[PDB]
Amino acid sequence: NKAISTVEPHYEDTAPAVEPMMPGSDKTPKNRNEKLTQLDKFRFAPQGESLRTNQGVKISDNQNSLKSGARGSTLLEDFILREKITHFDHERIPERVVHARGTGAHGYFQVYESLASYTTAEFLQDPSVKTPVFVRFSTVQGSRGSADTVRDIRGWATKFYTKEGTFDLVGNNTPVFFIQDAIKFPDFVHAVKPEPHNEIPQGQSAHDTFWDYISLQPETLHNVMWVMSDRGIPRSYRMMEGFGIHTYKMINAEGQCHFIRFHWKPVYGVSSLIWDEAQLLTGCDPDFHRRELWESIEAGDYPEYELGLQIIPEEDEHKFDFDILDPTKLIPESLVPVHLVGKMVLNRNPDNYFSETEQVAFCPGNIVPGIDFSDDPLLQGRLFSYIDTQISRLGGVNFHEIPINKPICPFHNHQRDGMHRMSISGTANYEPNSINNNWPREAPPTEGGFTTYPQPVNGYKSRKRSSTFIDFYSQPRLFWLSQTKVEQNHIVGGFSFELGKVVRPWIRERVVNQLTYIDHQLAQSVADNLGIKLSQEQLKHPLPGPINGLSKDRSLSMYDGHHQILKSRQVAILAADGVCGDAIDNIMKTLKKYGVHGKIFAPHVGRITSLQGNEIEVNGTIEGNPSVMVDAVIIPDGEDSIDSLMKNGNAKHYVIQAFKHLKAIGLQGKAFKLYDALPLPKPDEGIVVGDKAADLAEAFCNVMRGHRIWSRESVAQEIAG
Amino acid sequence: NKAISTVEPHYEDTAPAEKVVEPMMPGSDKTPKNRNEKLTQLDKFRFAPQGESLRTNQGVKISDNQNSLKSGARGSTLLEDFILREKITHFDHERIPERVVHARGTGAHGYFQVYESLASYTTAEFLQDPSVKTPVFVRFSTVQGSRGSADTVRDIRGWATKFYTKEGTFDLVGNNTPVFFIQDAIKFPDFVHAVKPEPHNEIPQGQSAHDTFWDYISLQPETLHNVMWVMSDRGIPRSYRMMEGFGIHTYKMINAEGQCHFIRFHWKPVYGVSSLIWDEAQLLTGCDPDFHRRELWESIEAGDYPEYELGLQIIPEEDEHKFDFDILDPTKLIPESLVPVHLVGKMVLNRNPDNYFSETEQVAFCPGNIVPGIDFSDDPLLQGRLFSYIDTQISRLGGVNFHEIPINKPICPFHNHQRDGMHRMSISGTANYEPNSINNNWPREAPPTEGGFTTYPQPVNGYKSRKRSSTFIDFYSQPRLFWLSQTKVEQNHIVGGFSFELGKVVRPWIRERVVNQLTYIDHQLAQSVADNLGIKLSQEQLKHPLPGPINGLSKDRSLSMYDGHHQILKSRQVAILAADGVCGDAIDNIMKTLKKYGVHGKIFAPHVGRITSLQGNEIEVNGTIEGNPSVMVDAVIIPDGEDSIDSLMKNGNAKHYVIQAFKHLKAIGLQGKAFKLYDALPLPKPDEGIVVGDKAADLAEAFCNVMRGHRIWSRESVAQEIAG
Ligand code: HEM
Ligand code: HEM
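Residues numbered from 1 in each chain as written, not as in the entry; some residues may be left out. Chains lettered and ligands numbered in written order. Part of a larger assembly, values for the part shown. Heavy atoms only, no water.

(A) Spotlight on the UniProt feature "active site" (unreviewed entry) in chain B. Residue and element names in this part refer to chain B. Under the present numbering, the feature "active site" (unreviewed entry) in UniProt falls on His102 and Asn175. In terms of the greatest pairwise C-alpha distance, the residues named above, spread along 74 residues, form a tight cluster of at most 10.4 Å across. Inspection of the secondary structure puts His102 in the loop between α4 (82–92) and β2 (105–114). Every residue in contact with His102, bar those within four places of it in the chain, is listed here: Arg139, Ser141, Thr142, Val143, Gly158 and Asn175. Turning to its location among the elements, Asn175 is positioned in strand β5 (residues 168–175). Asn175 has contacts with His102, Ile156, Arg157, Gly158, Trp159, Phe180, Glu244, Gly245, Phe246 and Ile248, leaving out every residue within four places of it along the chain. (UniProt positions renumbered as here; feature names shortened; annotations may be inferred. Helix = DSSP H or I, 4+ residues; strand = E, 2+ residues; numbered from the N terminus. Contact = heavy atoms within 4.5 Å.)

(B) Seen up close, the coordination of the iron atom of ligand 1. Within the protein, a single donor atom binds the iron atom of ligand 1, namely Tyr386 of chain A (OH) at 2.0 Å. Structurally, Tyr386 of chain A is set in helix α11 (residues 377–393). (Donors = N, O, S within 2.8 Å, 3.2 Å for Na, K, Ca; no water.)

(C) Here's a closer look at the UniProt feature "binding site: heme" (unreviewed entry) in chain A. Taken from the UniProt record, the annotation "binding site: heme" (unreviewed entry) applies to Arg96, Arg136, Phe185, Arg382, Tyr386 and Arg393 of chain A. On the secondary structure map, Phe185 of chain A appears in helix α5 (residues 185–192). Residue classification places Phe185 of chain A among the partly exposed positions, given a relative accessible area of 21%. Leave out the neighbours within four places in its chain, and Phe185 of chain A touches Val98, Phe177 and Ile179 of chain A together with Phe91 of chain B. The class for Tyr386 of chain A is partly exposed, based on a relative accessible area of 23%. Sequence-distant contacts of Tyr386 of chain A, that is, excluding residues within four places in its chain, are made with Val170, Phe362, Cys363 and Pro364 of chain A. (Buried < 20%, exposed > 50% of the residue type's maximum accessible area, 1.4 Å probe, protein only.)

(D) Summary view of the domain arrangement of chain A. Residues and elements named next belong to chain A. Per the domain assignment, the segments making up chain A are domain 1 (1–461), domain 2 (462–565) and domain 3 (566–721). In this complex, domain 1 contributes 52 residues to the contact, which on the side of domain 2 involves 44 residues. Approximately 4300 Å² of surface area, both sides summed, lies buried where domain 1 meets domain 2, with 60% of it carried by carbon and sulfur atoms. It is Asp208, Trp211 and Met225 that lose the most area in domain 1 upon contact with domain 2, and together they represent 17% of the buried surface on that side. Taken together, the links from domain 1 to domain 2 amount to 3 salt bridges. (Domains from an automatic or database assignment. Buried area = accessible area lost by both parts, 1.4 Å probe. Salt bridge = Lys/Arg side-chain N within 4 Å of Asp/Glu carboxyl O.)

(E) Local environment of the packing of helix α7 (residues 221–228) of chain A against helix α13 (residues 485–500) of chain A. All names here are of chain A. Packing of α7 against α13 brings their axes to within 8 Å, and their N-to-C directions diverge by 100°. By the criterion of interaxial angle, the relationship of α7 to α13 is roughly perpendicular. Residues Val224, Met225 and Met228 of α7 form the contact with α13, whose own contacting residues are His490, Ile491, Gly494, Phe495 and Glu498. Residues that form the contact of α7 with α13 fall into these classes: 5 nonpolar, 2 polar and 1 charged. (Axes fitted to C-alpha atoms, helices over the stretch in contact; angles between N-to-C directions. Parallel < 35°, antiparallel > 145°, perpendicular 65-115°, else oblique. Nonpolar A, V, L, I, M, F, W, Y, C, P; charged D, E, K, R; others polar.)

(F) Examining the site of ligand 2 more closely. Residues and elements named next belong to chain B. Contacts to ligand 2 come from 23 residues, most closely from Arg99, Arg139, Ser388, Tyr389 and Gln393. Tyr389 is positioned such that a nitrogen or oxygen atom in its side chain is 2.7 Å from a nitrogen atom of ligand 2. In this structure, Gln393 approaches ligand 2 through a side-chain N or O atom, which is 2.9 Å from an oxygen atom. For the shell around ligand 2, the leading source of residues is helix α11 (residues 380–396), giving 7 residues. Split by residue class, the shell around ligand 2 holds 10 nonpolar, 8 polar and 5 charged. (Near = heavy atom within 4 Å. Polar contact = N/O pair within 3.5 Å; in protein donor to acceptor, adjacent residues only side chain to side chain.)

(G) Geometry of the side chain of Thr6 of chain B. Inspection of the secondary structure assignment puts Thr6 of chain B in the loop between α1 (2–5) and α2 (27–30). Those residues in contact with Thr6 of chain B, other than ones at most four positions away along the chain, are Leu216, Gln217, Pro218 and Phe472 of chain A together with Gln66 of chain B.

In structure tokens:
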């Protein structure tokens, strides 16, 4: 009778008589902006509402097709079924051709002080204006189901909804790109994408065709160095840098042009995973970066970034040992410093991933008055591409009427029709007209009408790479020389693991040969790893010289040049029934004092009982949340807890793995027994042992500030875990 | 200077000269002698660029593929650069929508052969003549995840087979379990939405382990049977070569005399049924998301061709109502010990695609694509499916002419009066209506006795109504049947699947409602899962009524993967761990003993290229220990060599290799000083799955015979304690 009712219409309440992830409107409705307010009209509230067809007809039985009898044939006249299945059948739209895998969030931007001296852009004029933003973060190679923590460039697209136009800063998490001229983009992407016969491999550049292309195109080496480094595996989108890469122009009210490069510097520091850890994480949480960003917004650890600019007066364009118009060159911050000019806060998750994140459309050609393009030949080709791709991705030329894509300022023009036209126009569809007195009207430049800066143009129509672009190794060498030794090793690790998966040996030898033109130690280390004998002529290949008297730049090193923030990090607390309850409380309160999140992982979900008899709510099982998902591990005392964990292979392995991943491990009291029973060397600077819980946790927090125990790395390679 | 030359047009060779296992290649490169009538049809659409110029799509030679046309070498890019715009345009529009379900998939060409004429059951031409080789294209897939998601997830596996027969293309569109989750097509979007990533955050990818899925399960007990299958190890197959397939639905077959037989389709693999274990499967998605796709492609390049026997359960029309379940209910299987499976033919997949997008991505299957001799039953799930596959393909493949895409074309004639539509390839020149006289009514209808399709005149009696058939209201007997048929090991893995999945469900009332549903299936099942979830079952929950036997059945052997099916040794993979100083003759005798049983040995060393034996000889290695962990192999063997052992004992991944392969119940072979490495690990007294010997070929022989059991299940209780 009750089983019978589950296949009959459901007319009664199904709701029962720490919290899950929820839509932003449910969880942070108080965080608002002008764009979110515009989106409210498109939001729905089915509470108290009947289930209905798309035409507004109430449905009585959502459990059964209309048939010729209870056991009969389904009838073609069932329009309810056919409308339902039909909508389902056509849910999917094409994924982005690159950066298919991504995640989005709303926030706002504030300029610190008017930049009128350098630009007329309205969203950079008034420190009291809160300019809404939408940001999509992404990887690049993988399709939309691929894993978050792969080794890849990360895309970083910010849509500023300004009162005089929508401006898109479409950048990456490294300051250079792989290629110089847009014409090569499909060649480079085809090389990195899965190979066309077997569509293997997903979310990895470790295959023949990528390294083949690298080996024939030395311009790629600079960005390859970045992605072979630990920059290629950020800990979190909240903890990477961001760059527009291209040189743009900035025009002020006098008509004076400054060359400009955009930056985002994360308030939460710059931190990365390690390769083995990253790869494991694609296994146990392929949504790690999306989830972490979603949950950091719900926690209050709101992503914050400072917008920076490198500012170069027009007359200084030719004073560097590199073309500022070359997208494989960066401008070292030692020569041209980054002025922090404003701040972005991400503070609201979307309600519907598809409506907002999937359908959002960015393009670098989406500039606003006060900003202009440069002759960077990568950027020039990009301007064509973004609008064109969106024609098929979002089904036509009205994608700007999709609510996430709408400006918040007026947008009157003479364009008409196209697929899924939302607007209803009633005035003259041509300019000049008199029948409507020529409204809407062109705006004079002094009124905000966009104009192009009158840069001089002298030359010959030609297909030719500028001779000033032909420098392929000096910046890779500078970036190498700027790394710490641990960072250099991980670079060598990156190249060797990736080339290890290249089948054709001549491709690996050809890449190693390229490396001998950057640094001989780097080439030698990779070669040794690949069983490659380097000739003496190779060991002696000539190395590039300093760039404007520069051979290192500290800002190019994650760990020596940037800060590590303790706040918002995650700590696994391993505990079973019988754990010391006061220990847990004391650890928790301490973690919280520094803004760190303690997660209780136990052999079962629900609650565990402390030896004091109190119940403690568990955050998940040990088996479900392995050590790769947390920054550090702490184990509280309690005889029955420790004994349970020592019988648990996963709990023992949790400690071995975190050790090998160079993470801080805290051990209280009898908990050290567990460490001592394992095949692990004796405690080092990152094994905090103590009897007092509060003391131990304070010391444990202090060790976390260092991010990882780099000195452990040598012995870590001998650990069986 | 060479550096300048790389940014100017490339007019010279780039391949290497000489002096020098094989990369994966388009099937036309590696297996051109594996032919069929379909591949020959596809030969017309292939191209040899060797010695050809680089051209626009209009055929215009390109002189400089390295630079946009600008106003000067350092100038602005000109709008007039049609070469650039054409190339970027096409790239900008490469992607098409993924399939709304089973978006992650792999395809391979092959052929089907019937054993004997099935004429007494069906007129279907491809089941009439053992001499003919019917071309097939198969697409295997997962269900939930998008196109980039990982192979070895816990999911149902899809298995669609397109038969290019001479009187029509027939699609058998199946899954790797014999039942489905839901009874009626109208529920399909609800179920799929429930299992797909949740709509606010699109989390999680390739997992049912989240609240909305198990919310749906707890409210729709019809789902429970197929949930048992996916929570078992059926949900993590070793290989698409080592799983079963089922059409699930009762279909009809119709012989030339108009007789109807109710049937159900089966695929039985020659290479047996073998599954991964969960911890292993999960690690596998991290180190190789392409694992099944790669394995299938490499199996074909190796000549370990996927082989499957088509099977038929056949039920005379008059037996329709004789079972303790409705044979039109797709949450119901027909136990093979009530109605046996009759093997009637054999499929072999023997060629890989040339272009994944052209063939695998663009192929369209639909269970509405039957041929004369086969008809539909009133299964209310199947009936809805007929509508969806054509409809979905209109947007996925860009319109109603997707049948003209080469991979989709039939190999027989196909004249009709359809016309136009987006990307019409064929050019028609005759009357476009029927009846016509201006072309004498050609193409013409075909009489049934000539092979024109006809529906078998099944009686239809009822009232127009939306109602679930009373005969479908049995949600718990077949889950119980399935549970009681598993070994205790398989039962434990089912409990672990429920517990891991429900462990990731945030809302506790959903976890409790599922555990409650399990009390109506088996009290011990519920209790084990409730223990792992911190749920205390009430006395009234443990006294919930359990269902009775099914036509006198409480167990069916075929429903157990390891008790009721075969393990096959041939085609399995073995890690041979070695470093510089390995005993060369041990590797040779191992390699040759493995070759003897058709087992592939892989030398994994601390570095790619070559290791040198103590004898002094160079050995090409298959890849690094680091880049090829133990989850990628069926078993591990460590040859002798004091310098090799000494190296691996300092390698953290080589030691973990043994530990992990031990915990994953795999067979481990150690020769001589190799055991020194084993004893130094935290592992117990060597068991039946550790083979130790000094003589290499002796040890390999005993090693291969231990591989015969697939996994060492008796080791399971101790492996839990082993430090990961
Ligand atoms: C400096 C080099 C480049 C950077 C930093 C960059 C950055 C990005 C980013 C972050 C996205 C993802 C935007 C999103 O979330 O929706 C993206 C998308 C894309 N870019 Fe690039 N890109 C670069 C170069 C190129 C080039 C040379 C082309 C080709 C001309 C190209 C074509 C595309 C296309 C077609 C998309 C997909 C746009 C869409 O579907 O919405 N980009 N780019
Ligand atoms: C017996 C249960 C079912 C089985 C065994 C099954 C099997 C499959 C398989 C294997 C595929 C992937 C085919 C491929 O490789 O391209 C598939 C795709 C699909 N199925 Fe199902 N299916 C079932 C039920 C349903 C239902 C009830 C619906 C909807 C009413 C549905 C709609 C679809 C759709 C729309 C696709 C995508 C087809 C395409 O894009 O070309 N299926 N099904």
